[PDB]
Number of protein chains: 2
Amino acid sequence: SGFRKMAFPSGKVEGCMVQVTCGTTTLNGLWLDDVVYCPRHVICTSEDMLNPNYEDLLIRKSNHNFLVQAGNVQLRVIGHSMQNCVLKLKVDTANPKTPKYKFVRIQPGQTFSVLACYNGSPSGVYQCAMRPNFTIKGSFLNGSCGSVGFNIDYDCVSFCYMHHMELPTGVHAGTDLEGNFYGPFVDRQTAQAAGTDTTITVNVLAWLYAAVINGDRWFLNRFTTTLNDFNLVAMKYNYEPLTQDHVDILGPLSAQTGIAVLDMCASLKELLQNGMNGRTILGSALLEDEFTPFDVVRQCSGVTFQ
Amino acid sequence: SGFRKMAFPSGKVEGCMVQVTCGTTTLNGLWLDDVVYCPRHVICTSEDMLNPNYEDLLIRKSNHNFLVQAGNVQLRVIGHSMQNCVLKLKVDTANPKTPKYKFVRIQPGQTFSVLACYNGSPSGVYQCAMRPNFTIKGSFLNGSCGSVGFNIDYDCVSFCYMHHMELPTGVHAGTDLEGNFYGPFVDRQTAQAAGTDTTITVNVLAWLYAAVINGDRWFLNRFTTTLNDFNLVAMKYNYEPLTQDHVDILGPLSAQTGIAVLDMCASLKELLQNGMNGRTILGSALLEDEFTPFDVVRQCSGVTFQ
Ligand SMILES: *[C@@H](O)[C@H](C[C@@H]1CCCNC1=O)NC(=O)[C@H](CC1CCCCC1)NC(=O)[C@@H](NC(=O)OCc1ccccc1)[C@@H](C)OC(C)(C)C
Ligand SMILES: *[C@@H](O)[C@H](C[C@@H]1CCCNC1=O)NC(=O)[C@H](CC1CCCCC1)NC(=O)[C@@H](NC(=O)OCc1ccccc1)[C@@H](C)OC(C)(C)C
């Protein structure tokens, strides 16, 4: 019993974070085998963030310009190269704590965990999702860029996010580990905004199913509706359309609970259309959307890793 | 910018969790130097949870009844003993990954992090507080007992909680690491309940200060009130009294923000007395109480560990 925002154990990823310094800049990097990864605006100084040519600034630097410290031990760079918006520094030592790992690029609505870092030292770990506007509501301060996002699956570490920048509204933008940005953002200090966001409808239903598994139940009715008659009302409250494929993924949830998938839709239909009258689902007073169907089953049914 | 429920990196504690089996029972244990810790109702079978005499059941067992596995490696017990409600099994190997560590017993209103475990394998990590009724709203399933709660402070690991049982309402009860229960609960399967809870008033003000640091500001007024005139209204909404000592601990928050401590009290006074009219503080629609003044400053100002 109970339902919490839960994050994967962060031990395997702490064994990788290091510090990278060049000029007057210092940020976090990720050390795997004999390569350290970090954002490229670490070759930028404060004059190089208007509209820089990174290719031409990287021909200026030499290998000994990059200070890499892992613990109170200095790593020696021997080569360097550029892949999109990330930078790769080849060092002469291999990380003995390198886990089974794997770069993947995620799709909006999926969730991951974030280990925030400063000066190569982990500070804390929390759970996020990629919003439909391709940003993330993180907790980040100065020096945080270089932190990664990641999921664990049995024992493999799927790295999916490197952090780069905060936006005027306070949400956040970064890349996948192959250096490509999530969203239409670029790494030059000009004007940018996020674009209009929507609520992740499939996740909302998954949390509502979690509720019934835990005891809560004042929200189910006897009505049903059709898949098109749902989207008509979802349209208006700025939710995303729900698709036939989303329906299937909710099969084992509907199964174990007894509540048909289209039945729970007609329940959510009223909640949007009447508010909550001051009562709470799973401790919350809002309709919460940062829980996938995966997250519900791994937490309500007992799945660990190794 | 941004404000999230954050948990300490769990790496140092994953190096300790093991599995303990005896009879038909299996649960988690904590391995430090040459000692493994676990709850004593692991010598209990299913017949031994009505009203057992543990002292007299422990004279029955022999050292080879306790299977201890750390990884796919078997630990050999050589001795065993009882300290209140926890059980200590001395094994012939010392844990090489034993961190700087330290047992402490916490006070209601303080927060800690929990690494949930099953079969000696970590599953996930989240943030809790000790409620004023001495229980905790965790996320726990079968096999979870043996998980610990802990804070990190620079590089020392202060272990403060071992998990034992769920209560009819679904909150949770356990002990400190020296085996003493938080609360008036006992480890025998009879009737027990939690008692009436209150809201943690000092934490509510600390989260409200976090809000102002982040931009939110529609809740401050020009009124003030007195410390006694606050408790009069706190009394009625089932909040805890606020004391002169609590006031001091809010000094650096009030400082950096400019809002006097008694000024924020008069602001909270209205919020209780008018509701929120459908607007949200730090993404939330409720008044949130699981953030201490410590938690706010370490997150809003950049503190890590090593
Ligand atoms: C990594 O250490 C660091 C983290 C930032 C620091 C402030 C709080 N949160 C963070 O995540 N990232 C940076 O230092 C960014 C610098 C790069 C410059 C070249 C490539 C892009 C990022 N700085 C930022 O994150 C800034 N954001 C930004 O550039 O916004 C785009 C913009 C600019 C002007 C007008 C409109 C939009 C932040 C710190 O500055 C703002 C304006 C967001 C306060
Ligand atoms: C540790 O593996 C395990 C975890 C439990 C399992 C269910 C979900 N959540 C959990 O945390 N703990 C136990 O197995 C407990 C057994 C011990 C028995 C002797 C010493 C006390 C605990 N079991 C429980 O946690 C049970 N709780 C309980 O005993 O409640 C007290 C009570 C009993 C009868 C009437 C009133 C009060 C749970 C599983 O059973 C309930 C009744 C809560 C469903």
Side-chain angles (χ1 to χ4, degrees), chain A residues 5 27 39 41 44 49-51 85 106-114 116-118 123-124 126-149 160-176 180-201 203-204 237-240 284-291, chain B residues 1-6 207-220 256-257 276-286 288 291 296 299-302:
Chain A
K5 260 200 209 299
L27 54 80
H41 66 69
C44 280
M49 285 177 180
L50 71 165
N51 200 347
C85 293
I106 71 164
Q107 193 69 33
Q110 298 311 92
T111 44
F112 55 94
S113 283
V114 184
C117 282
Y118 303 89
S123 182
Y126 47 88
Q127 203 59 17
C128 289
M130 176 73 62
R131 302 300 310 175
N133 65 20
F134 282 106
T135 71
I136 64 169
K137 326 172 271 202
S139 177
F140 286 126
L141 307 182
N142 265 319
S144 72
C145 52
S147 306
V148 285
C160 73
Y161 180 82
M162 189 176 279
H163 177 58
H164 278 65
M165 66 195 210
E166 181 167 285
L167 273 166
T169 46
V171 287
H172 294 95
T175 65
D176 77 24
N180 307 105
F181 261 96
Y182 294 103
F185 312 123
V186 295
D187 47 321
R188 46 207 204 247
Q189 280 200 302
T190 73
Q192 281 174 121
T196 286
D197 206 32
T198 54
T199 292
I200 311 166
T201 314
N203 285 28
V204 161
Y237 294 95
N238 192 13
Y239 270 54
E240 294 206 289
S284 175
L286 297 180
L287 284 192
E288 166 76 73
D289 71 337
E290 266 170 31
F291 288 114
Chain B
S1 173
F3 195 74
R4 278 256 174 218
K5 260 200 209 299
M6 208 177 279
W207 173 80
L208 279 172
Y209 273 112
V212 170
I213 278 169
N214 277 282
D216 267 324
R217 203 188 170 124
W218 67 264
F219 42 81
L220 314 171
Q256 159 200 25
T257 63
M276 264 189 218
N277 277 109
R279 330 188 320 196
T280 56
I281 305 174
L282 283 166
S284 175
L286 297 180
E288 166 76 73
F291 288 114
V296 178
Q299 185 159 167
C300 291
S301 178

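Just so we're on the same page: letters track the sequence lines, and every chain starts at 1. Worth knowing before you read on, the calculation uses all heavy atoms, side chains too, and leaves out hydrogens, waters and symmetry mates.
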Q) Do B/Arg4 and A/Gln127 come within less than 4.5 Å of each other through their side chains, counting heavy atoms only? A) no
Q) For A/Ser139 and B/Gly2, which heavy atoms make the closest approach, and how far apart are they? A) OG-O, 3.5 Å
Q) Between A/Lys137 and B/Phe3, is NZ or CZ placed under 6.0 angstrom from the six-membered ring centre and within 45° of the ring axis? A) no
Q: Test side-chain contact (heavy atoms from CB on, under 4.5 Å) on B/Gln256 and B/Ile213 and set out the steps.
A: CA-CA 9 Å; B/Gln256 159 200 25; B/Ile213 278 169; 3.3 Å; yes
Q.
Can you give me the closest heavy-atom contact between A/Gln192 and A/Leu167, atom names plus distance?
A. O-CD2, 3.7 Å
Q | Value rounded to 0.5 Å, distance of CD in A/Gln107 from SG in A/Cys160 | A | 12.0 Å
Q) Under a 4.5 Å cut-off applied to non-hydrogen side-chain atoms, are B/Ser1 and A/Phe140 in contact? A) no
Q) Is the backbone of B/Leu282 close enough, under 3.5 Å, to the side chain of B/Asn214 for a donor and an acceptor to pair up by distance? A) no
Q. So, A/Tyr161 side chain and A/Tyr182 main chain: donor-acceptor pair closer than 3.5 Å or not?
A. no
Q. Atom OG1 in B/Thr280, atom CH2 in B/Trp218: separation rounded to 0.5 Å?
A. 8.0 Å
Q) Hey, is the main chain of A/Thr198 close enough, under 3.5 Å, to the side chain of A/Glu240 for a donor-acceptor pair? A) no
Q: Mark yes or no for whether A/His172, through its side chain, and A/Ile136, through its backbone, hold a donor-acceptor pair below 3.5 Å.
A: yes
Q. How about A/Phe181 and A/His164: are their ring centroids closer than 6.0 Å?
A. yes
Q: Can you establish whether the number of heavy atoms outside B/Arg279 located under 6.0 Å from its atom CZ is more than 12?
A: yes
(Q) When you compare the side chain of B/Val296 with that of B/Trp207, does any pair of heavy atoms fall below 4.5 Å? (A) no
**Q.** A/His41 side, atom NE2; A/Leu27 side, atom CG - distance, nearest 0.5 Å
**A.** 7.0 Å
(Q) Return the CD to CG distance between A/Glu166 and A/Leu141, rounded to the nearest 0.5 Å. (A) 8.5 Å
Q.
Taking the side chain as everything from C-beta on, heavy atoms only, tell me whether A/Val171 gets closer than 4.5 Å to A/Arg131.
A. no
Q.
On a heavy-atom basis, which atom in A/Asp197 and which in A/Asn133 lie closest, and how many Å separate them?
A. OD1-N, 3.1 Å
**Q.** Closest contact, heavy atoms only, A/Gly149 versus A/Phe112
**A.** CA-CD1, 3.8 Å
Q. If you take all heavy atoms of A/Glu290 and A/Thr111, which pair is closest and at what distance?
A. O-CG2, 3.8 Å
Q. Rounded to the nearest 0.5 Å, how far does CZ of B/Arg217 lie from CD1 of B/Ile281?
A. 13.5 Å
(Q) Do A/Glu288 and A/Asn203 make a side-chain contact, defined as non-hydrogen atoms from C-beta onward lying under 4.5 Å apart? (A) no
**Q.** Gap between atom CZ of B/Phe219 and atom CG of B/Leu208 - 0.5 Å precision
**A.** 5.5 Å
Q: Could you check if a side-chain atom of A/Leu287 sits within less than 4.5 angstrom of a side-chain atom of A/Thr199, using non-hydrogen atoms only?
A: no
Q. What pair of heavy atoms forms the shortest contact from A/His163 to A/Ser144, and how long is it?
A. CD2-OG, 3.3 Å
Q: Side-chain contact test, heavy atoms from C-beta onward, threshold under 4.5 Å: evaluate it for A/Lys5 versus B/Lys5 and give yes or no.
A: no
